[PDB]
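S.K.: Submitted below is the structure of interest, expressed as structure tokens.
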Amino acid sequence: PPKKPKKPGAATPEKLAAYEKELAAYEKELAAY
């Protein structure tokens, strides 16, 4: 199963963008799975 991205806990926009992209990737792979 695809891993759940960690919440960056303060956090910079980059980490939010990464968290969002990783979350989207999680949803994509979770649906694919």
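Quick note on naming: the chains in the structure tokens go A, B, ... in the order shown, residues restart at 1 in each chain, and ligands are numbered from 1 in order of appearance.
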Please return as a PyMOL selection string: the residues of chain A that backbone DSSP assigns to alpha helix (DSSP H).
M.R.: chain A and resi 13-32
S.K.: Quick one: everything within 9 Å of residue 22 of chain A, counting only C-alpha atoms, minus sequence neighbours fewer than 5 positions away in the same chain. Send it as a JSON list (two decimals) with N, CA and C atoms, in the first residue's frame.
M.R.:
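File written: result01.json
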```json
[["chain", "number", "residue", "atom", "x", "y", "z"],
["A", 4, "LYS", "N", 1.43, 7.17, 3.51],
["A", 4, "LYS", "CA", 0.78, 8.45, 3.77],
["A", 4, "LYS", "C", 1.83, 9.52, 4.07],
["A", 5, "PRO", "N", 1.91, 10.57, 3.23],
["A", 5, "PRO", "CA", 2.87, 11.66, 3.43],
["A", 5, "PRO", "C", 2.74, 12.33, 4.79],
["A", 17, "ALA", "N", 3.46, 22.71, -0.75],
["A", 17, "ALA", "CA", 3.36, 22.28, -2.13],
["A", 17, "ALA", "C", 3.74, 20.81, -2.27],
["A", 27, "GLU", "N", -3.43, 9.93, -3.33],
["A", 27, "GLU", "CA", -4.78, 9.69, -3.84],
["A", 27, "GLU", "C", -4.74, 8.96, -5.18]]
```
S.K.: Report as a PyMOL selection string all protein, DNA and RNA residues lying within 9 Å of segment 29-31 of chain A, evaluated on only C-alpha atoms, omitting residues in the same chain fewer than 4 positions from it.
M.R.: chain A and resi 1-2+24-25
S.K.: What separation in Å, quoted to one decimal, exists between atom CA of residue 21 of chain A and atom CA of residue 9 of chain A?
M.R.: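 That distance, rounded to one decimal, is 16.6 Å.
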